[PDB]
J.: 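One structure, as structure tokens, below. Some questions next.
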Amino acid sequence: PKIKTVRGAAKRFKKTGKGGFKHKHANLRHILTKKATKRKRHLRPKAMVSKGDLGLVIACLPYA
Amino acid sequence: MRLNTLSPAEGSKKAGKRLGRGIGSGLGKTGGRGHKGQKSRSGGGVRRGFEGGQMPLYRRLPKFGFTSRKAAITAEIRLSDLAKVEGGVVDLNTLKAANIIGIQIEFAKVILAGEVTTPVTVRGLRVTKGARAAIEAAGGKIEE
Amino acid sequence: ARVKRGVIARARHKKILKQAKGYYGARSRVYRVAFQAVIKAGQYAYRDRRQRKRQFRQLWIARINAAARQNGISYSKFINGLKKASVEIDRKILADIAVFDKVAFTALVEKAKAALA
Amino acid sequence: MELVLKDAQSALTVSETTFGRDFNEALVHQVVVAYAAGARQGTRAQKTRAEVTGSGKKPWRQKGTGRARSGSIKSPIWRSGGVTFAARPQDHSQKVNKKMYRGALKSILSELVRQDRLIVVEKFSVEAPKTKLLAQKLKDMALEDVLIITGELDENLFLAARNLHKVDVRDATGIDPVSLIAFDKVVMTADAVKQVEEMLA
RNA sequence: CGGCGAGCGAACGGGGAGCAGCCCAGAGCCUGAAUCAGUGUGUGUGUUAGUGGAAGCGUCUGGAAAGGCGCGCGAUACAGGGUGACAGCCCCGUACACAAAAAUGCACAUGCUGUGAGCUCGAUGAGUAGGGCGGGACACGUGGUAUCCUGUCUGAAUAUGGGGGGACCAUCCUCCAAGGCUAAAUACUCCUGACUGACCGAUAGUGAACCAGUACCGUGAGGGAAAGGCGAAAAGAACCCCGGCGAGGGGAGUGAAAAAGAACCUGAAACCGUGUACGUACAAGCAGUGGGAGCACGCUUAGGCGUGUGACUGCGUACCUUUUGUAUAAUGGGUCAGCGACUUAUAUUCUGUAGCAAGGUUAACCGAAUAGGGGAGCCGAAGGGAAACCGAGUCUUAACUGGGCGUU
RNA sequence: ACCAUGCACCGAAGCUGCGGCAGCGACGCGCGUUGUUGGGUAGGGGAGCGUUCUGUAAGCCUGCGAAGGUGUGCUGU
RNA sequence: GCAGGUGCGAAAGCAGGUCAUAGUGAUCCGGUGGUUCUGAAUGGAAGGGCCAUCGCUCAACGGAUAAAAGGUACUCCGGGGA
Ligand SMILES: [Mg+2]
Ligand SMILES: [Mg+2]
Ligand SMILES: [Mg+2]
Ligand SMILES: [Mg+2]
Ligand SMILES: [Mg+2]
Ligand SMILES: [Mg+2]
Ligand SMILES: [Mg+2]
Ligand SMILES: [Mg+2]
Ligand SMILES: [Mg+2]
Ligand SMILES: [Mg+2]
Ligand SMILES: [Mg+2]
Ligand SMILES: [Mg+2]
Ligand SMILES: [Mg+2]
Ligand SMILES: [Mg+2]
Ligand SMILES: [Mg+2]
Ligand SMILES: [Mg+2]
Ligand SMILES: [Mg+2]
Ligand SMILES: [Mg+2]
Ligand SMILES: [Mg+2]
Ligand SMILES: [Mg+2]
Ligand SMILES: [Mg+2]
Ligand SMILES: [Mg+2]
Ligand SMILES: [Mg+2]
Ligand SMILES: [Mg+2]
Ligand SMILES: [Mg+2]
Ligand SMILES: [Mg+2]
Ligand SMILES: [Mg+2]
Ligand SMILES: [Mg+2]
Ligand SMILES: [Mg+2]
Ligand SMILES: [Mg+2]
Ligand SMILES: [Mg+2]
Ligand SMILES: [Mg+2]
Ligand SMILES: [Mg+2]
Ligand SMILES: [Mg+2]
Ligand SMILES: [Mg+2]
Ligand SMILES: [Mg+2]
Ligand SMILES: [Mg+2]
Ligand SMILES: [Mg+2]
Ligand SMILES: [Mg+2]
Ligand SMILES: [Mg+2]
Ligand SMILES: [Mg+2]
Ligand SMILES: [Mg+2]
Ligand SMILES: [Mg+2]
Ligand SMILES: [Mg+2]
Ligand SMILES: [Mg+2]
Ligand SMILES: [Mg+2]
Ligand SMILES: [Mg+2]
């Protein structure tokens, strides 16, 4: 039968132009008063999935 | 040429692996599975994304975004598709008739992709700056 | 496409058993034992093609030593003297001569002695 | 391209792309193998351990008897047990790209011309549905194993050919790559030649 | 949707198969008028027995010819089966052409018969819709949750009225619940016929090729085997002999063959004997291997050689598995034969190969079509952004000297 | 026996010699030249043998003896 | 270092917390404010997104549940001379 997408993965990764995946940074959900403005600022933009984790992400998202 | 003189192209018919048929094959006695453990077992192996129990990548990262329903009914049209509309005028219905956009598309945008060589009238579509310049250089017209 | 194994399996077992002729008891009769016997015979033969060269050189040397001592010189001095005389006859031929042509071997000893002193 | 008739000794001019192309052996081989795979019925089965008749009782207790542990009388290890990977009915047919099929046919027809195995005639018919008449006709033209392709299927010719095992009579639209290769000679009417032309564009 | 985990998973819309619409909640008027059921009768097809159905000889081998060789003949019949080896022409069939006293399927047709058409006026399903509580169903786990069903308590409008459009309101659109019937496309196969298989071929294939759901086991539910082949034909061995008026055997006879004799085709291996050659009763161990005398038999040069044996002598602790590591006194195997473990379907990615190429390719289905049709779709030629949106750019920010992802 | 000095020799599947096979690379037309390499578990890569079945095959072999069984000789890594 | 706005200094300048190195908790689910980005016929709305922020001795501190102690000499299986 058709492979089933890991739905939670589809809610956290989007495929980019050259086949990589973008994701939102962790650590910007809650307790934030104690975190420096610089640290939170650098967590705001999306980042690319690293080479080690690309295999896991690709396995989870066959239909990306 | 006969039914007994026809051969496949070289390199097109690689033989399949056959595990467990003796020492000489290179795949005897463990079938390439190595020694024991979960992965050596029939049916063995862990699910996709599993990392051994550590909070896996697809869960330690946050969800983001929402899905636009409008995006699903919006298409893009290349300049190379302008000629393929038979009738000289490019609009939603003529684009659909030529199989350029989907039947349920309601909004469409012409972009600078490919090249246009004929005077065409674009009607009811959005057009990017570059695509508009290209169409108008080709003698075309853009009507809203 | 069911395949019956009988003809091929019998051919294989018969090949091994033919290689096991002369062996004792089950080793010449029973495929499980015979196969191991044939494998081990092969291992021994591979080893002993090297060993055979060792053993024959050892035998030639012992015979040369005997014949040389019959002519008044030890093996080691005899070989050194032959080397100093530029005599390149090897020990297989030297052993053969020591057994079959004792006058010629005496001549070789005299040559070795003249080279030595 | 020029195809010279046998009985009327005129020439029918034909597409070079159809009847004069290079022989593509790998493509023809793929299409011929696909045709053979398409002829398979694939009707068979064996019984897994689930489908062998018998009960699920454990043949003997897990420990203490001194025997190897048994769980099912239907184990494939056992005599009368299931077949480990028991077969099921199968569909062996393969896809052939339309263009791949047509390219194979063109390669075959061109190779037939190159081998002098395609014979074009203006007409090929029989007076009556009589096997003897067609056998005589074929003896006259020195054909024994021959695929006869006509513009439209005939009744008398089809009946006359039926009892000749080295002979097959086809409509132009009923050609197949394997038949074109399998018979020593292919005899095609000029009407059939045009029809095959328009079939392969 | 989802301890937003594992998983579950639509709809709208599009292409196809098939297509069919009607009654009651009632009175006129008309009437019986389509349909519709039984029931006739015919009329056609089936079905259930059947009939005819072409064309070959000689010679060779052989136990036997259908095989070889030679020369013929039929074929709308060279499907298939049989016959002493392989038969178009020997036989049964096969193509083709025919056939029913009787029963019966269906399909027409018009007779009896009940159900009653078209028509105007009118009517338009209430403890129901909806609600409160508890559950359940919807892809949808109560969630912001529409909609459906209802165990419990309630409870309307009713056409100027009412339901729905995914909380909810307004506006618009669309439909008419609380009565009912309805063919086809769809599902299946205990059972019957015909035909087919890159399905099995006696440990396989059904458990069962054979008097098998039997023998046998169990109180019972229930469980559940093993076991096929003489020969072309029984011509299945008259008769004689040893033997207990035995068993068994030796002859004789049949047969191509009885070393096909019924304990029967072929007749492997483990295992057990008889015969011959060589070795072996002062000799220590994975039993072989390297060296090697002697003996016996045999070879076209008369020479050594070939075959078998193997005194004596160097070296030498099986195999598998598991382990850091096993001669290990760790595992497993008494031996042989037969069987016994990486498959299959679908989706997805990569490699090779083939086709076509900024295009590629169709699915269901249609079609007698492995053709042809069918482009519904899917993937690709554009990305950025959460998104609106912009677009070879875009996002970030008030804005980039910029930076991220893209563009060549 | 031990210390010291020295020259001989024995000694491995190390090295050399002779014959042969194969991998890889450089250089010339699958051939050659030349350099080099070839212990191996898990494991990855490459290339093959044989078995049953389908086409080729209404062909070919076969009662002047098929398959199977049992010997013998030749032959390839 | 760049843009905006700022403090101290006459000025050159210094300042994006503290001499530095511990003082901490992913994701989910939700809460609060801001922001028409989205808004299932349409206008709104709900809900969602985005930005800021809040709720864990999840301390077994990469946190398996929102939610969990014992007995077996009545014992049982798969394994290890790890
Ligand atoms: Mg937040
Ligand atoms: Mg290996
Ligand atoms: Mg193991
Ligand atoms: Mg381990
Ligand atoms: Mg492992
Ligand atoms: Mg399992
Ligand atoms: Mg389309
Ligand atoms: Mg078979
Ligand atoms: Mg024996
Ligand atoms: Mg079975
Ligand atoms: Mg097609
Ligand atoms: Mg007849
Ligand atoms: Mg016979
Ligand atoms: Mg109503
Ligand atoms: Mg209700
Ligand atoms: Mg409600
Ligand atoms: Mg309702
Ligand atoms: Mg509503
Ligand atoms: Mg709405
Ligand atoms: Mg309307
Ligand atoms: Mg059976
Ligand atoms: Mg048998
Ligand atoms: Mg008797
Ligand atoms: Mg027979
Ligand atoms: Mg027998
Ligand atoms: Mg003795
Ligand atoms: Mg003694
Ligand atoms: Mg020893
Ligand atoms: Mg240990
Ligand atoms: Mg050891
Ligand atoms: Mg012991
Ligand atoms: Mg042991
Ligand atoms: Mg044991
Ligand atoms: Mg895009
Ligand atoms: Mg050496
Ligand atoms: Mg070496
Ligand atoms: Mg080496
Ligand atoms: Mg190696
Ligand atoms: Mg075959
Ligand atoms: Mg301080
Ligand atoms: Mg400090
Ligand atoms: Mg709305
Ligand atoms: Mg931890
Ligand atoms: Mg944990
Ligand atoms: Mg235990
Ligand atoms: Mg153990
Ligand atoms: Mg220990």
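Sequence lines set the chain letters: A, B, ... in the order given, protein chains first and strands last, and positions in each chain run from 1. Just the heavy atoms: all of them, side chains too, but no hydrogens, waters or symmetry mates, feed the values below.
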J.: Looking only at atom P, what distance separates E:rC24 and E:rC119, rounded to whole Å?
T.: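 Comparing P positions in E:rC24 and E:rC119 gives a spacing of 13 Å.
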J.: Spell out yes or no: do the side chain of C:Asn80 and the base of F:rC9 have one donor N/O and one acceptor N/O closer than 3.5 Å?
T.: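 No pair found.
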J.: What does E:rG304 pair with, Watson-Crick or G-U, if both distances are under 3.5 Å?
T.: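 Per the H-bond distance test, E:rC299.
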J.: Would you mind classifying the nucleic acid contact of D:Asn156 as base, sugar-phosphate or nothing, using non-hydrogen atoms under 4.0 angstrom?
T.: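 It contacts nothing in the nucleic acid.
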J.: Going by the glycosidic torsion and a 90 degree boundary from 0, is the base of E:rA85 oriented syn or anti?
T.: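 Syn conformation here, the glycosidic angle of E:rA85 being no more than 90° from 0.
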J.: Is the phosphate of E:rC342 approached by B:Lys17 (side-chain N or O, under 4.0 Å from OP1 or OP2)?
T.: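 B:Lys17 to E:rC342 OP1/OP2: no side-chain N or O under 4.0 Å.
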J.: Take the protein atom NZ of A:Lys34 and the nucleotide atom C1' of G:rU53, then report the distance between them rounded to whole Å.
T.: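 Whole-Å distance recorded here is 14 Å.
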J.: Can a side chain N or O of D:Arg44 be found less than 4.0 Å away from OP1 or OP2 on E:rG205?
T.: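 So the side-chain polar atoms of D:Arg44 never come under 4.0 Å of the phosphate oxygens OP1 or OP2 of E:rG205.
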J.: Mind checking the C1' distance from G:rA45 to E:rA170? Whole angstroms is fine.
T.: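 G:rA45 and E:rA170 have their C1' atoms separated by 11 Å.
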J.: Using a heavy-atom cut-off of under 4.0 Å over every strand shown, decide if D:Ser80 touches base, sugar-phosphate, or nothing.
T.: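 Result for D:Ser80 = sugar-phosphate.
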J.: Could you check whether D:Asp91 pairs with D:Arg40 (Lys NZ or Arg NE/NH1/NH2 to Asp/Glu carboxylate O, under 4.0 Å)?
T.: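 A salt bridge is absent here (no side-chain N lies under 4.0 Å from a carboxylate O).
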J.: Quick one: B:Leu27 CG to E:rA341 P, roughly how many Å, whole number?
T.: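 Roughly 18 Å, once rounded to whole Å.
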J.: Considering every strand and a 4.0 Å limit on heavy-atom distances, what is the contact class for D:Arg170: base, sugar-phosphate, or nothing?
T.: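 Result for D:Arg170 = nothing.
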J.: Would you measure the distance from the P atom in E:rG261 across to the matching atom in E:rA225 and give it in whole Å?
T.: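 These two P atoms come out 35 Å apart once rounded.
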J.: Is any side-chain nitrogen or oxygen of C:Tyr23 closer than 4.0 Å to OP1 or OP2 of E:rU289?
T.: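 C:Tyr23 to E:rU289 OP1/OP2: side-chain N or O found under 4.0 Å.
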J.: Considering every strand and a 4.0 Å limit on heavy-atom distances, what is the contact class for D:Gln90: base, sugar-phosphate, or nothing?
T.: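 Contact class for D:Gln90: sugar-phosphate only.
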J.: Tell which nucleotide pairs with E:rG105, taking only Watson-Crick or G-U wobble pairs whose two distances are both under 3.5 angstrom.
T.: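 Paired with E:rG105, as far as the under-3.5 Å criterion goes, is E:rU45.
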J.: Watson-Crick or G-U wobble partner for F:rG65, using a 3.5 Å limit on both distances?
T.: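 Matched F:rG65 with nothing under the 3.5 Å cut-off.
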J.: Going by the sign of the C1'-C2'-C3'-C4' torsion, is the sugar of E:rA258 north or south?
T.: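 Of the two classes, E:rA258 takes south, because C1'-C2'-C3'-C4' is negative.
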J.: Whom does E:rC168 pair with, Watson-Crick or G-U wobble, provided both distances fall under 3.5 Å?
T.: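 Paired with G:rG44.
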J.: Counting only side-chain nitrogens and oxygens, does D:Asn24 get under 4.0 Å of the OP1 or OP2 atom of E:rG355?
T.: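 True: D:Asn24 side-chain N/O within range (under 4.0 Å) of E:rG355 OP1/OP2.
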J.: Taking NZ, NE, NH1 and NH2 as the nitrogens, is one of them in D:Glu144 or D:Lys166 under 4.0 Å from a carboxylate oxygen of the other?
T.: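 Yes, this pair counts.
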J.: Can you tell me if the side-chain N/O atoms of B:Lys109 get under 4.0 Å from OP1 or OP2 in E:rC390?
T.: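 Affirmative; the distance criterion is met.
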J.: Hey, is C:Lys53 close enough to C:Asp48 for a salt bridge, meaning N to O under 4.0 Å?
T.: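 A salt bridge is absent here (no side-chain N lies under 4.0 Å from a carboxylate O).
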J.: Check whether any side-chain N or O of A:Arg44 sits under 4.0 Å from OP1 or OP2 of G:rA52, and answer yes or no.
T.: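 So the side chain of A:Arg44 is within the cut-off, an N or O lying under 4.0 Å from OP1 or OP2 of G:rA52.
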J.: Would you mind checking if D:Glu51 and D:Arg88 are paired as a salt bridge, meaning a charged N to carboxylate O distance below 4.0 Å?
T.: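 Salt bridge between D:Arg88 and D:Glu51, a charged N being under 4.0 Å from a carboxylate O: yes.
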J.: At 4.0 Å (heavy atoms only), tell me whether D:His29 reaches a base, stays on the sugar-phosphate, or touches nothing.
T.: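 Nothing, no heavy atom under 4.0 Å.
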J.: Think A:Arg7 has a side-chain N or O under 4.0 angstrom from the OP1 or OP2 of E:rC8?
T.: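 No.
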J.: More than 12 heavy atoms of other residues, nucleotides or ligands under 6.0 Å from NZ of A:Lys15: is that the case?
T.: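 Check passes, neighbour count above 12.
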J.: Within the pair D:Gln62 and G:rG78, is there a side-chain N or O less than 4.0 Å away from OP1 or OP2?
T.: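 Affirmative; the distance criterion is met.
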J.: Contact class for C:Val33 vs. all strands (heavy atom < 4.0 Å): base, sugar-phosphate, or nothing?
T.: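 Contact class for C:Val33: none.
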J.: Under 4.0 Å between a side-chain N or O of A:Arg41 and OP1 or OP2 of E:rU396?
T.: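 Result: no.
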J.: Does a nitrogen or oxygen in the side chain of C:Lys4 sit under 4.0 Å from OP1 or OP2 of E:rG201?
T.: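 No.
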J.: Could you check whether the side chain of A:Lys4 and the base of E:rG9 have a donor-acceptor pair of N or O atoms closer than 3.5 Å, going by distance alone?
T.: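 Counting by modelled atom types and ignoring angles, a donor-acceptor contact under 3.5 Å is found here.
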J.: With distance as the sole criterion, do the side chain of D:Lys98 and the base of E:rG375 form a donor-acceptor contact below 3.5 Å?
T.: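 Looking at the base of E:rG375, it does pair with a donor or acceptor on the side chain of D:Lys98 (distance under 3.5 Å).
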J.: Tell me whether B:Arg59 is salt-bridged to B:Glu51, with the criterion being a basic N under 4.0 Å from an acidic carboxylate O.
T.: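 Between B:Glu51 and B:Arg59 there is no salt bridge, as every charged N stays at least 4.0 Å from the carboxylate O atoms.
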J.: What string of B, S and - do you get for nucleotides 315-326 of chain E 5' to 3' if you count protein non-hydrogen atoms under 4.0 Å?
T.: BB-BS-SSS---
J.: Going 5' to 3' through nucleotides 376-385 of chain E, assign each nucleotide B (protein heavy atom under 4.0 Å from a base atom), S (under 4.0 Å only from sugar-phosphate atoms) or - (no protein heavy atom that close).
T.: SS---BBSSS
J.: For residues C:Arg91 and C:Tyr75, is any side-chain donor paired with an opposing acceptor at under 3.5 Å?
T.: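 Distance-only check passes for C:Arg91 and C:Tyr75.
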J.: Checking contacts here: which listed nucleotide (E:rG213, F:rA12, E:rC339) is nearest the side-chain heavy atoms of D:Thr53?
T.: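 My answer, after comparing the listed nucleotides, is E:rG213.
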J.: Report yes if at least one side-chain N or O of C:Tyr75 is closer than 4.0 Å to OP1 or OP2 of F:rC10; otherwise report no.
T.: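 C:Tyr75 to F:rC10 OP1/OP2: side-chain N or O found under 4.0 Å.
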J.: Does any residue of residues 41-68 of chain B have a heavy atom under 4.0 Å from RNA chain G, and if so, which ones, in number order?
T.: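 By residue number: B:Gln54, B:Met55, B:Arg59, B:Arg60, B:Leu61, B:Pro62, B:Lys63, B:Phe64, B:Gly65, B:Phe66.
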J.: Please verify the inter-ring angle class for A:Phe13 with A:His23; under 30° counts as parallel, over 60° as perpendicular, anything in between as tilted.
T.: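 Plane angle over 60°, so perpendicular.
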J.: Write down the distance separating the P atoms in E:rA204 and E:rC239, rounded off to the nearest Å.
T.: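 48 Å, rounded to whole Å.
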J.: Would you say C:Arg32 places a side-chain N or O within less than 4.0 Å of OP1 or OP2 belonging to E:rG334?
T.: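 Negative; the distance criterion is not met.
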J.: Does a distance-only test, which skips hydrogens and angles, find a donor-acceptor pair under 3.5 Å between the side chain of D:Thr43 and the base of E:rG197?
T.: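 For D:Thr43, whose side chain was compared with the base of E:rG197, there is a donor-acceptor pair (under 3.5 Å).
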J.: Using a heavy-atom cut-off of under 4.0 Å over every strand shown, decide if A:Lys11 touches base, sugar-phosphate, or nothing.
T.: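 Base, at least one base atom sits under 4.0 Å.
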J.: With syn defined as a glycosidic torsion within 90 degrees of 0 and anti otherwise, which applies to E:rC96?
T.: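 Classified anti.
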J.: Can you list everything that forms a ring-ring contact (aromatic ring centres under 6.0 Å, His included) with C:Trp60? Sequence neighbours excluded, please.
T.: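 Result, ring-ring contact (aromatic ring centres under 6.0 Å, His included) vs C:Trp60: none returned.
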J.: Look at the side-chain N and O atoms of A:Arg12 and state whether any lies under 4.0 Å from the OP1 or OP2 oxygen of E:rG5.
T.: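 Result: yes.
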J.: Is there a Watson-Crick or G-U wobble partner for F:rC24 with both distances under 3.5 Å, and if so, which one is it?
T.: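 Answer to the pairing question: F:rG35, which forms a Watson-Crick or G-U pair with F:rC24.
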J.: What does D:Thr84 touch in the nucleic acid at a heavy-atom separation under 4.0 angstrom: a base, only the sugar-phosphate, or nothing?
T.: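 Sugar-phosphate, no base atom in range.
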J.: Does B:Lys84 have any salt bridge (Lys or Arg N to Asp or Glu O under 4.0 Å) partners at least two apart in sequence or in another chain, and if so, which?
T.: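 Result, salt bridge (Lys or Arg N to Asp or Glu O under 4.0 Å) vs B:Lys84: B:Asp81.
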J.: Counting only side-chain nitrogens and oxygens, does A:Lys40 get under 4.0 Å of the OP1 or OP2 atom of G:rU53?
T.: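 Yes.
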J.: Looking at A:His25 and A:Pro45, what are the two nearest heavy atoms and their distance?
T.: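 Smallest heavy-atom distance, with atoms named: CD2-O, 3.2 Å.
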J.: Does any non-hydrogen side-chain atom of C:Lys77 lie less than 4.5 Å from one of C:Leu116?
T.: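 Side-chain contact under 4.5 Å: yes.
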J.: From F:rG44, G:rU53, E:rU362, pick the nucleotide closest to the side chain of D:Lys95?
T.: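 It is E:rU362.
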J.: Provide the Watson-Crick or G-U wobble partner of E:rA126, both distances under 3.5 Å; none if there is no partner.
T.: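 E:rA126 is paired with nothing.
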J.: Side-chain atoms of residues 10-20 of chain B: list all donor-acceptor pairs with protein atoms under 3.5 Å, sequence neighbours left out, distances to 0.1 Å.
T.:
| from | atom 1 | to | atom 2 | distance (Å) |
| --- | --- | --- | --- | --- |
| B:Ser12 | OG | B:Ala9 | O | 2.6 |

J.: If you go through the side-chain atoms of A:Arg29, does one of them form a donor-acceptor pair with the base of G:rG55 closer than 3.5 Å?
T.: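 There is none.
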J.: What does E:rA156 pair with, Watson-Crick or G-U, if both distances are under 3.5 Å?
T.: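 Partner of E:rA156: none found under 3.5 Å.
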J.: Just checking A:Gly8: base, sugar-phosphate only, or nothing, at a heavy-atom cut-off of under 4.0 Å?
T.: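 Touches a base.
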J.: Would you classify B:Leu19 as touching base, sugar-phosphate or nothing, given that sugar-phosphate means primed atoms plus P, OP1 and OP2, and contacts are heavy atoms under 4.0 Å?
T.: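 Since a base atom lies under 4.0 Å of B:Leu19, the category is base.
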J.: Give me syn or anti for E:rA283, where syn covers glycosidic angles within 90 degrees of 0.
T.: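 With its glycosidic angle within 90° of zero, E:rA283 counts as syn.
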